[PDB]
Amino acid sequence: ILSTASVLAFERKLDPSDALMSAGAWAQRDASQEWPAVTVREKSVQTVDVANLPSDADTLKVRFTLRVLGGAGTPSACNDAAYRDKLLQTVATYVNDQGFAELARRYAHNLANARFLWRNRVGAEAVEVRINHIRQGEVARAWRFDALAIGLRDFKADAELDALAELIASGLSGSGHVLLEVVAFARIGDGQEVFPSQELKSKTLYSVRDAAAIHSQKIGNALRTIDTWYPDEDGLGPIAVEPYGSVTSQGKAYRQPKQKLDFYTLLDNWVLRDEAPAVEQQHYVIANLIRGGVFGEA
Amino acid sequence: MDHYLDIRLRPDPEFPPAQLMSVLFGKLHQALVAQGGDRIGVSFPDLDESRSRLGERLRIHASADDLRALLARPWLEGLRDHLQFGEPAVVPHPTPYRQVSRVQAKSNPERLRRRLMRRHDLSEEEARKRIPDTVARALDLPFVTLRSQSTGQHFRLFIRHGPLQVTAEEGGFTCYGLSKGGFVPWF
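First to last, the protein sequences are chains D and C. FYI, in the authors' numbering the residues of the first sequence are 24 to 68, 96 to 250, 261 to 358. Per the authors' numbering, residue 1 is the first one in the second sequence, and the count goes up by one each step.
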């Protein structure tokens, strides 16, 4: 009969860190290891928390590390043994037909364009992203991208992006340990306002140790904006991979369960009754499994 | 002017239209300071007076060479993937005309109290009796929120599109694309 499992917990692949934002001047980004951190200072309007650059600094360096784990289809908790075997066989036939190649191409694109710079990117003058593959601590392979040449909407092929996608592919397929140190510089201007993540005196900003930062889940949600296979009206670009793939800013949920394009009905058709969907929809299902979560009833 | 360029916001998952509208207006203001002159004005075609909404279009009005200069300048760098451009094209005819002027208000009575202290050497109680709290004016106008580069304040710039007139008169514009006398064709 093979009903779905009553519990499924998938662990989060693509683990990011909290994105530490520091500050400095442009054209000395190659010496940006002792840059002073952007501090969250309080000011009176009520009182709010604001975060600005220094008045002699026109570059925001956001730095975080991203760990690509691999073993995507394997759940961390599952009741039904036969369902776990069927889902592992399903993901195995997925990886056998096509590796993590389109998914890692889109993840490498979302690392390449500095989409993890959320509001610090829409008014920037020139954005440069450097991505270092760290093996044994020093470096293994250095990348450098013009994040404004690489658009947020178009996933265009590139010679270096193919290499970063192959690295994230070798990470997601479990054939190697992948740890990426992702720095990103943003010409905002002298003393312009940066936008770290916002905590819960009305507005509190996120800081780790007297240094402003974006949450790790915000960087992870910026990395997951690869879903281009939803029913696309209105000319909206890629959205973040979610079950019933929804945008809270627009207030609209695409991939509604009325249509057969949400995560849950696609996974139940693919695993239980062997109705394998299109290559794009199964890319979406495997992107959800990389995203992780609690997929199961009560 | 006779040429116009329509700049529409693409819908974004991560940003509301008002935020991108404010950022586009700010980079436009910096572009007009970088260009100079009083010959360039703006308009908002999908404005909603009922909900006080600016819509998602900005229509800039200038000469053709000014628009083609503003297409290739770095004021749109970083905004090109949030926006989609039309072409600099000639305004259709006939069209009514209206003014696009910034409407400021006395929304801070305490600031006017400090101004009366600075200009008349009065006290706090003299200023508070001379200026009560009821002079504050809240506006039913759509607005964009900009941050200044000279001073460190963030301010809501409220906009009112004036009444429709059948013809245009001579007048210049500020460095925000707003009417200091000038009129834009409304269509």
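Just so you know, even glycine gets a beta-carbon here, dropped at the ideal spot from N, CA and C.
Proximity below 9 Å, CB of residue i to CB of residue j
| i | j | result |
| --- | --- | --- |
| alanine 192 of chain D | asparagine 182 of chain D | yes |
| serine 223 of chain D | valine 345 of chain D | no |
| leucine 283 of chain D | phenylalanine 166 of chain D | yes |
| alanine 209 of chain D | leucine 43 of chain D | no |
| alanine 158 of chain D | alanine 236 of chain D | no |
| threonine 308 of chain D | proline 298 of chain D | no |
| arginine 39 of chain C | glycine 172 of chain C | yes |
| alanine 101 of chain D | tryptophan 58 of chain D | no |
| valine 61 of chain D | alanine 271 of chain D | yes |
| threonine 124 of chain D | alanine 48 of chain D | no |
| residue 23 of chain D | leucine 321 of chain D | As shown, chain D starts at 24 and ends at 358. That puts residue 23 of chain D outside it, with no answer to give. |
| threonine 288 of chain D | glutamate 357 of chain D | no |
| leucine 9 of chain C | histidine 82 of chain C | yes |
| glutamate 216 of chain D | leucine 103 of chain D | no |
| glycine 352 of chain D | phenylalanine 323 of chain D | no |
| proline 17 of chain C | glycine 295 of chain D | no |
| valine 301 of chain D | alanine 219 of chain D | no |
| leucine 28 of chain C | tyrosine 176 of chain C | yes |
| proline 39 of chain D | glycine 280 of chain D | yes |
Delimiting residues of the alpha helix (DSSP H) encompassing residue i
| i | result |
| --- | --- |
| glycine 221 of chain D | 209-222 |
| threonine 325 of chain D | 323-331 |
| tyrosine 344 of chain D | 339-351 |
| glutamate 125 of chain C | 124-130 |
| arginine 115 of chain C | 109-120 |
| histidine 82 of chain C | No alpha helix (DSSP H) contains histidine 82 of chain C, which DSSP labels as neither H nor E. |
| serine 22 of chain C | 17-35 |
Where the beta strand (DSSP E) containing residue i begins and where it ends
| i | result |
| --- | --- |
| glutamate 170 of chain C | First-last for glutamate 170 of chain C: undefined, no H or E at that position. |
| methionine 44 of chain D | 42-47 |
| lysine 66 of chain D | 64-67 |
| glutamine 148 of chain D | It is not in any beta strand (DSSP E) - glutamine 148 of chain D carries neither H nor E in the DSSP assignment. |
| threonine 145 of chain C | 143-147 |
| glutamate 178 of chain D | 177-183 |
| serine 101 of chain C | 100-102 |
| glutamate 231 of chain D | 228-237 |
| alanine 62 of chain C | 57-62 |
| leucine 250 of chain D | Unbroken run through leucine 250 of chain D: none, as it is neither H nor E. |
| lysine 278 of chain D | From DSSP, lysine 278 of chain D is part of no beta strand (DSSP E) but of the alpha helix (DSSP H) over 276-283. |
| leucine 31 of chain D | 31-33 |
| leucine 164 of chain C | From DSSP, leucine 164 of chain C is part of no beta strand (DSSP E); its letter is neither H nor E. |
| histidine 3 of chain C | 3-9 |
| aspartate 99 of chain D | 97-100 |
| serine 150 of chain C | Premise fails: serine 150 of chain C is in no beta strand (DSSP E) and is neither H nor E. |
| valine 244 of chain D | Segment: none, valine 244 of chain D is in no beta strand (DSSP E) and carries neither H nor E. |
Residues near residue i in its chain [Cβ-Cβ closer than 6 Å; skip 5 each side]
| i | result |
| --- | --- |
| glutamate 231 of chain D | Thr115, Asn182 and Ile184 |
| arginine 53 of chain C | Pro142 |
| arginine 113 of chain D | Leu43 and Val233 |
| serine 247 of chain D | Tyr266, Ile274, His275 and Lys278 |
| residue 361 of chain D | Because chain D is modelled from 24 through 358, residue 361 of chain D falls outside the range shown and cannot be assessed. |
| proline 45 of chain C | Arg57 and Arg59 |
Sequence-distant residues of its chain with Cβ nearer than 7 Å to residue i (five each side left out)
| i | result |
| --- | --- |
| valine 135 of chain C | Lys106 and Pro109 |
| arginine 156 of chain D | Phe205 and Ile286 |
| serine 101 of chain C | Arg160, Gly162, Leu178 and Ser179 |
| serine 43 of chain C | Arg59, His61, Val100, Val184 and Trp186 |
| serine 105 of chain D | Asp240 and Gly241 |
| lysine 261 of chain D | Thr97 |
| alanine 64 of chain C | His3 and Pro88 |
| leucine 112 of chain C | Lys106 and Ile131 |
| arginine 169 of chain D | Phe245 |
Residues that residue i contacts on chain D, provided the C-beta gap is smaller than 9 Å
| i | result |
| --- | --- |
| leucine 79 of chain C | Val172 and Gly173 |
| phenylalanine 15 of chain C | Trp168, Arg169, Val172 and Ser309 |
| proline 132 of chain C | Within 9 Å Cβ-Cβ: nothing; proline 132 of chain C doesn't reach chain D, min ~22 Å. |
Contact test: residue i Cβ vs the ligand FMN heavy atom, cutoff 8 Å
| i | result |
| --- | --- |
| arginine 98 of chain C | This structure simply doesn't include the ligand FMN, nor any ligand for that matter. |
Residues that residue i bridges to, as DSSP identifies them
| i | result |
| --- | --- |
| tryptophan 193 of chain D | D/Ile181 |
| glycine 181 of chain C | C/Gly172 |
| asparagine 129 of chain D | Per DSSP, none; premise fails for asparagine 129 of chain D. |
| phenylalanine 114 of chain D | D/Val232 |
| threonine 109 of chain D | D/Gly47 and D/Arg237 |
| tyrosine 314 of chain D | DSSP, once it has assigned bridges, lists no residue as partnering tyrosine 314 of chain D. |
| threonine 124 of chain D | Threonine 124 of chain D is not bridged to any residue. |
| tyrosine 97 of chain C | C/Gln165 and C/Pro185 |
Proximal residues of chain C, C-beta to C-beta of residue i below 9 Å
| i | result |
| --- | --- |
| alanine 300 of chain D | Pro13 and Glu14 |
| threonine 285 of chain D | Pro13 and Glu14 |
| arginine 351 of chain D | Result: empty, since nearest Cβ-Cβ is about 15 Å, beyond 9 Å. |
Sequence-distant residues of the same chain with beta carbon closer than 8 Å to residue i, five excluded per side
| i | result |
| --- | --- |
| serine 67 of chain D | none |
| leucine 47 of chain C | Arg53, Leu54, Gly55, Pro142 and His161 |
Interface partners of residue i on chain C, CB under 7 Å
| i | result |
| --- | --- |
| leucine 296 of chain D | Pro11 and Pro13 |
| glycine 201 of chain D | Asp81 |
| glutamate 243 of chain D | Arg147 |
Cross-chain neighbours of residue i in chain D, by beta carbon under 7 Å
| i | result |
| --- | --- |
| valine 23 of chain C | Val172 and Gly173 |
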